[PDB]
Structure formats: structure tokens, C-alpha cells
Amino acid sequence: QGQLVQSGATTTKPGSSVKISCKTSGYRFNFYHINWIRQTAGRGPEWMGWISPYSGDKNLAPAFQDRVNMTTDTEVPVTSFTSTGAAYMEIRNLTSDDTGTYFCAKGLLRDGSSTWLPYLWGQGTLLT
Amino acid sequence: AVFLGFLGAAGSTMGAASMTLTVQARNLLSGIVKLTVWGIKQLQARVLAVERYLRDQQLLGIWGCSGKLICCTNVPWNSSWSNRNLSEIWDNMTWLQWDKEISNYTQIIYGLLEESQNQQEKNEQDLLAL
Amino acid sequence: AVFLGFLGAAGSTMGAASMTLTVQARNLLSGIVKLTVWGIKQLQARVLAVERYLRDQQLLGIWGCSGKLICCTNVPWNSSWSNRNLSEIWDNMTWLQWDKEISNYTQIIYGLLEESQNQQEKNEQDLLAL
Amino acid sequence: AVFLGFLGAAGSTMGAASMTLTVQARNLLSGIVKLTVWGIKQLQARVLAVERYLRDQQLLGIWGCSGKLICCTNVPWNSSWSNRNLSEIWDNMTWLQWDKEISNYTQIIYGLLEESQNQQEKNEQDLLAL
Amino acid sequence: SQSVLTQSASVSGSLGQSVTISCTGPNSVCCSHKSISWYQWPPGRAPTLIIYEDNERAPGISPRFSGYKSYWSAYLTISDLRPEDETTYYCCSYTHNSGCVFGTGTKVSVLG
Ligand SMILES: *[C@@H]1O[C@H](CO)[C@@H](O[C@@H]2O[C@H](CO)[C@@H](O[C@@H]3O[C@H](CO[C@H]4O[C@H](CO)[C@@H](O)[C@H](O[C@H]5O[C@H](CO)[C@@H](O)[C@H](O)[C@@H]5O)[C@@H]4O)[C@@H](O)[C@H](O[C@H]4O[C@H](CO)[C@@H](O)[C@H](O)[C@@H]4O)[C@@H]3O)[C@H](O)[C@H]2NC(C)=O)[C@H](O)[C@H]1NC(C)=O
Ligand SMILES: *[C@@H]1O[C@H](CO)[C@@H](O)[C@H](O)[C@H]1NC(C)=O
Ligand SMILES: *[C@@H]1O[C@H](CO)[C@@H](O)[C@H](O)[C@H]1NC(C)=O
Ligand SMILES: *[C@@H]1O[C@H](CO)[C@@H](O)[C@H](O)[C@H]1NC(C)=O
Ligand SMILES: *[C@@H]1O[C@H](CO)[C@@H](O)[C@H](O)[C@H]1NC(C)=O
Ligand SMILES: *[C@@H]1O[C@H](CO)[C@@H](O)[C@H](O)[C@H]1NC(C)=O
Ligand SMILES: *[C@@H]1O[C@H](CO)[C@@H](O)[C@H](O)[C@H]1NC(C)=O
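Residue numbers (my numbering), protein chains in the order written: chain D, 14 to 141; chain P, 16 to 145; chain S, 16 to 145; chain H, 16 to 145; chain L, -7 to 104.
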């Protein structure tokens, strides 16, 4: 029930790396995973990987394990059930094939068989 | 299981905190161990302890839940109280978040549970009248 | 139904007053809301409230009626207690008129209910010994 | 039967003393009948009476034994607690002799009875989820 | 593209009618041993969780959208077509400790 604003649409050239942010609000940042999804011009959508703001644990697709740099800060608690966190995103070997819109995504539940499912999405960040 | 302790799951899901009820059921009354400052003030606190406890046992008794830690009843869940799904409750928000959303309707529910019990032992009263 | 209130059916029939028990079951313990006159006298009254209440719960517990508002037992109705018909009681005299006629035999009945419960869990003790 | 009285079978067998439980179940709370010596000291004793009593009712409630004088459970008898035969206990040693031999393991048993009840209403919670 | 989980290519519909989108793959990503989630996805913008765990809808999801999962393929039905339904729908197979295996996509037209 909160927003997940990201960075702007920074366009670079292949070989370099791009930093993408994801500032949360309106929900406990440490209670839900942060997924990262992109939709490039050449494929459809592809699941990159999520990370736990509580356990600090990572799990990402083998197609992005040796490229993605994925970190999170620590939430600045506003109330008992509200906080403000941040999720970061970086790639390694960049090409024009990775040109697409990128967004972060808050996990679905806190327990069960769909704990990390991307429920609350960001806004989108246009890459190269 | 993990012995989280007293109120250990206050920030955990309602499905995880519901499986550790006898932990907070013990320390709600603690126990046993004459005119001064703390002396009169201790006895005033010892009386208040059993009063708030007997109110929760009296309320549980008139609902047919006397002796239950998890108690199922007849009153159906009104959508006006909380039109939320079953999965977005027991595997999401905590018992602290739940009490704030139900703080309004919590008095209406307490009356629905009372007559739902009186119109159950009265039905069973006729069920054993033959 | 008509919410007559606390003791609303004190002058009504025993059949009508028996269907509104959870009304006087709540206000028997009321609730929650340091050295002066009323201060010591209030704490003396708060203790007496829970003592008379626990006596009625202790008596209900040793009868197998713990948690019941209407409780059926095994002790048969002795005609010496009240040789009145069932229709001339529940649709006639009130609970106040009833207590005066049973004031004598009310102590014998309280003992018959106790051993009728001990010779029931003892029978069930053998019933589950196999 | 013979009305031996309060604690009449304190030196008798555990099988004979187990059939007269409602005798010591009454006088554990006695009953009903302002600033002096005994006045403050009487109120201090009246509060302690209901506290020790509610602890034994709270412990009985979280075991599923709320309302029972003899209560059967699920926890199996560990031979490390007392590797004695059933006939050399109920028709031999008294309840006073029994408490000394079990004084050690009596705290472990009290925890086994609590989770044996929570993992019973939780199982029944799923048993009525359909 | 290299999506092992195929869908329904494309489909068409009309106002007041119901649609159906398929989603199946090999035994390595489908189906009885994996949950299926459906996502409404406008072109390169903010997506939306429609259904999670085969047939369970997300909070606030209209009662029009339904789900079904046989041993071979999972179906997403769109009962009572409303004009604001033209978008692209994707499915995803997953477990409790895995990741989303998205589908090929199905463009749905409501022109009527
Ligand atoms: C405080 O609040 C936080 C945030 O809500 C709670 O953290 C969340 O807890 C829930 C339930 O405990 C988690 O959901 C589960 O997720 C696991 C996925 O973990 C598996 O995969 C991980 C990545 O591959 C891996 O790290 C795990 O391996 C162990 O090692 C890590 C090392 O960091 C260790 O920290 C882990 O704890 C693991 O032990 C693991 O292999 C998923 O498997 C679960 O599904 C199972 O359980 C559910 C029932 O819970 C069942 O229905 C399924 O069928 C399946 O059997 C489950 O979905 C969630 O991921 C946590 N993180 C979030 C939400 O961000 C924390 O528990 C709270 N603590 C307290 C004390 O309140
Ligand atoms: C829900 O509660 C309202 C009062 O808040 C009542 O009028 C209505 O009949 C209830 N509906 C159900 C289905 O319980
Ligand atoms: C409870 O009532 C108050 C009245 O001021 C209202 O503001 C609040 O929204 C109500 N609670 C819910 C959950 O609607
Ligand atoms: C009725 O009570 C008397 C004692 O008052 C007793 O002697 C008699 O056996 C009882 N009869 C019945 C039928 O209960
Ligand atoms: C109860 O005992 C008294 C003894 O004086 C007697 O007068 C009275 O009639 C008895 N009650 C009934 C209902 O007989
Ligand atoms: C008996 O108790 C001991 C601990 O004192 C425990 O290790 C053992 O598993 C128990 N055995 C049985 C059969 O209960
Ligand atoms: C209980 O523990 C004490 C520890 O000093 C020990 O001496 C005693 O033998 C134990 N009780 C039994 C029955 O073994």
C-alpha cells in the first residue's frame, strides 16, 4: 500500500554500468522481498532476481547472476508499520540488447508459497 | 519450532503467532512471589491482575470458548468488518496491525458471540428434552 | 426478543427469564474502571466481587457445568423438593418465587451434583482405560 | 463410601484418595465469611487465596483439563520419571509419597502438557477448516 | 525470445463476452508441481498482479478474472469484457523458493 519510486532514464553506451535506485514508502521495507523485472526490445519480460531486505539473502536467474549487482540499505522507520527503504541495481557487461524499461517490485506476502511474488511495482526506468 | 519467548512474534505473521499462544497464556497471571509504599501499591497491582484476567475468562465463558486457545464459532465474517482475503491476513499483517483495523467493529462482534452461545445451549436444551 | 436489560425479567416467568442469561452473566463481574476513605473501601469491594464470582465458578466446575449457562445433570428431581408440575413452574412463578420454595433443599441438591460428577469422570476414567 | 473429610485420605492409597477429589476441591477457596491489624492482614490473605487458586485453574485450562478432576492427556509416561509398576503405585504409596519422587520431573511434565494441548486445538483447527 | 512457457499468441473478443488465454510448457516448468501467476502488462509500463497460485486473485482484482490449472495447461479467463481490457497478459510458473518463469505473451483486443 505504498509507492516504490525509482531513478530517471539514464542512457549510456555498451560496456559501462548503470545504477538504478528504488526508494520505498508506505510499508515496512524489511517485510517484503524486492524483485527486479525488465521488458527489453527483443524479448518480452524476464525475471532478473529478488533480494530480502530482512535476511539479506539473494536469489537471481542464471541469465543475470554474473552481471547484476543488487544491494539494499536499511529502512528508516517512520511508524510501527511504515518505513522508508532503498533498493539498488547495477549491471556489468552492458550491451544494446539490454535496452528496455526496468522496475523494482515489492514481494507479495510475508509467508506461504508466494512470499516473493512481484506484487507492488515501481514506475519504470528506460536504459540505453 | 523456535522458542521465541513472551510476545516473540509481535512483529510476525498472524499465522506464525497463532501457533504460540500458551506462551502468553502463562505469563498473563504470573503468580505468587505490609503497609509501606510499595506494600499497598503491590497489593493494588495484584488485585488488578486477577480482575483483567477474569474478565477475559468471563468473556470466553459466555462465548462457549471457556478453555479454548483457538475457538471456532457460528458468527459469519461480515465483509463490513474487514473485506480482506484470507491469505492477505494470516500470511501478511501482524496481530498488532489486525487490532487497529478491527478496533471499531470489535464491540459488535463481542455481542454477536454472546447470543450465538445462548441460542446454542437453548437449542441443546430442547435437543436433550426427549 | 426485547432487550429488557439487567434483571429485566425479575418479575417474569422462569421460561422467559431463562432465555436472557448472558445479560446478568456480564455485569456480575463488571470490570476495571490510594489510601483515603473510599480508596481502602473500594479495594475491599473489588476483592469481594471476585470472591463471590469464583465461588459460583468453582461450584459450577465441580458439577461439570463449567462454561454452561443452562446445564443438564443426572440428579433426578425429588418430589419432596417441589411436587409441582412442569407447566406450573416455567410458565407461572418467577425465579424469585422459585428460590423461596427451594431455599430449604438447595443445600442437599448442591451435594448431589458434586458426587454425580465425580462418579462420572471416574466412570469415564475406566471407559478410557482400554 | 465413608465421608473421611478434608484430606482424610492423606495417608491412604492413591487409588482410594483419587475417588474423593470434590472434597478438597470445595475448601480450596472456602468463601466469604477495615484498617486494623487483622483487617489489613485478612485482606492480604484473601487475595493470596484467589491467586494460588487461579494459578491451578490457569494451568488446568492450558492443558485442556479445565473443569476436570481426573484428566487424561496424550503425554506418555516416561520411564525416567518413575519406572514403577501401575499396581505398586495406585494400591501402595500415597499421594504424599508420590509427590516426593516426582518433585524433580514435575516441571518437565507441565511443559509437555501445554504443547500437547496447543498441538491439539491446532489440529482440530484444521479438522474444522472444511 | 527463448521462453519455454508458451501461451496463446493472440486472441480477440467483444464487449460483454468472455475470453481465455492458455499457458503450457514442458514437464520442467509446468504444471501440477508449480504455481501459476498471471500479470496484466501494458506495453513497457506498470504491470499488475491478476492471479497468484493458479486460481487465487490479488487484492482488489475484479471478480471477472478467473483461473484454472489442469495437469497440462493453465487458463486465464476474462469474464464480461470491459473496454479497458486491451493489454498484454503473461503467465509465470514458480515455487516457494524459486523465481518467475514468464511466458510468451498474448495480446487481447476488445474492439467492439
Ligand atoms: C521477520 O519478518 C521477516 C519479513 O517478513 C520474515 O522473513 C520472511 O519469513 C518467511 C517465512 O519464514 C519467508 O518465507 C519463506 O521463504 C522461503 C525461501 O527461503 C528459501 O530460499 C532462500 C533463497 O533461496 C534461502 O535463503 C533459504 O535458505 C535458508 O538460508 C537463509 C540464509 O539467509 C536463511 O536465512 C533462511 O531462513 C533459510 O532457512 C530457503 O531455502 C520459502 O522456502 C518458504 O516456503 C516454505 O515455507 C512455507 C511456510 O512458511 C510453506 O508454505 C512452503 O510450502 C515452503 O515449505 C517461505 O515462503 C520469507 O522469505 C522471509 N523474508 C521476507 C518475507 O522478506 C521473518 O521470518 C520474521 N521473523 C520473525 C522472528 O518474526
Ligand atoms: C454486517 O453488519 C451490518 C452492520 O454494520 C449489518 O447491517 C449487516 O446486516 C451485516 N451483514 C452481514 C452479512 O453480516
Ligand atoms: C473507526 O472510527 C473512526 C471514527 O473517527 C474512523 O475514523 C475510522 O476510520 C474507523 N475505523 C476504520 C477501520 O474504518
Ligand atoms: C428424596 O429425598 C429424601 C430426603 O429428603 C430421601 O430420603 C429420598 O430417598 C429421596 N427420594 C428420591 C426419589 O430422590
Ligand atoms: C424450610 O424450613 C422452615 C423451618 O422453619 C419451614 O418453616 C419451611 O416451611 C421450610 N420450607 C418449605 C418450602 O417447606
Ligand atoms: C524421557 O525423558 C528424557 C529426558 O529426561 C528424554 O531425553 C527422553 O527422550 C524421554 N523418553 C521418552 C520415551 O519419553
Ligand atoms: C532430584 O534432584 C536431586 C538433586 O540434588 C537428587 O538428589 C534427587 O535424587 C532427585 N530426585 C530423584 C527422585 O531422583
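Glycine included, C-beta positions come from ideal geometry on N, C-alpha and C.
Residue 134/D belongs to the set of residues whose beta carbon lies under 8 Å from a beta carbon in chain L. Contact between residue 67/P and residue 44/S is ruled out by a C-beta separation of about 11 Å, above the 8 Å threshold.
Sorting 84/H, 91/H and 72/H by C-alpha distance to the C-alpha of residue 134/S places 84/H at the top.
Per DSSP, the unbroken alpha helix (DSSP H) holding residue 38/H starts and ends at 37 to 41. Put simply, the backbone Cα of residue 46/L is about 29 Å away from that of residue 113/D. Residue 11/L sits close to residue 100/L, with the two beta carbons spaced by under 8 Å.
Between residue 14/L and residue 67/L, the beta carbon gap of about 6 Å places them in contact (Cβ cut-off 8 Å). Apart from the 5 residues on each side of it in sequence, residue 1/L sits with its Cβ closer than 7 Å to the Cβ of 98 in its chain, given in chain order. Under the Cβ distance rule, residue 77/P counts among the residues neighbouring chain S, one pair being separated by less than 8 Å. Against chain S, the beta carbon of residue 19/P has no neighbour under 7 Å; the closest one sits roughly 29 Å away. Residue pairing by DSSP places residue 57/L opposite 70/L in a beta bridge. The alpha carbon of residue 54/L has as its nearest neighbour, out of 61/L, 69/L, 60/L and 65/L, the alpha carbon of 69/L. Listed along chain P are 28, 102, 103, 106 and 107, each with a C-beta nearer than 9 Å to that of residue 122/D.
Close to chain D, meaning a Cβ-Cβ distance shorter than 9 Å, are the following residues of the segment 21 to 39 of chain L: 27, 29, 31, 33, 35, 36, 37, 38 and 39.
Judged by the Cβ position, residue 95/S qualifies as a neighbour of ligand 4 at the 7 Å threshold, a heavy atom of the ligand being closer than this. Beta-bridge annotation (DSSP): residue 90/L is not paired with any residue.
The straight-line gap separating the alpha-carbon atoms of residue 27/S and residue 112/S is approximately 10 Å. Sorting 129/H, 22/H, 99/H and 106/H by C-alpha distance to the C-alpha of residue 30/H places 106/H at the top. Minimum Cα-Cα distance from residue 21/S among the listed residues 34/S, 103/S and 42/S corresponds to 42/S. With the criterion set as a beta carbon lying under 9 Å from some beta carbon of chain L, the members of the segment 49 to 70 of chain D are 50, 52, 54, 55, 56, 57, 58, 59, 60, 61, 62 and 63, in sequence order. Here the distance from the Cβ of residue 98/P to the nearest heavy atom of ligand 3 is not below 7 Å.
The segment 53 to 61 of chain S and the segment 127 to 143 of chain S do not touch, with fewer than three beta-carbon pairs separated by less than 8 Å. Beta-bridge pairing by DSSP links residue 19/D to 35/D. For residue 123/D, the three-state secondary structure derived from DSSP is coil.
C-alpha of residue 30/D to C-alpha of residue 109/D: approximately 12 Å in a straight line.
Closest in alpha carbon position to residue 37/L, among 97/D, 122/D, 117/D and 125/D, is 117/D. Interface annotation, residue 49/H: not in contact with chain P, CB-CB separation never under 8 Å.
Taking 9 Å as the cut-off between beta carbons, the residues of the segment 40 to 69 of chain L near chain D are 40, 41, 44, 45, 48, 50 and 51, in sequence order. By the neighbour-count definition (other C-beta atoms within 10 Å, threshold 16), residue 46/D is a buried residue. Across the structure, residue 115/S and residue 97/S are spaced so that their CA atoms are roughly 11 Å apart. At least one beta carbon of chain D lies nearer than 8 Å to the beta carbon of residue 31/P. A direct Cα-Cα distance of roughly 25 Å separates residue 65/P from residue 132/P. For residue 99/H, none of the residues of chain S pass the 8 Å Cβ criterion, the least Cβ distance being about 18 Å.
DSSP places residue 51/D in the uninterrupted beta strand (DSSP E) bounded by 47 to 53.
For residue 83/P, the neighbours in chain H by C-beta distance under 7 Å run, in chain order, 136.
The C-alpha of residue 124/S lies about 28 Å from the C-alpha of residue 79/H.
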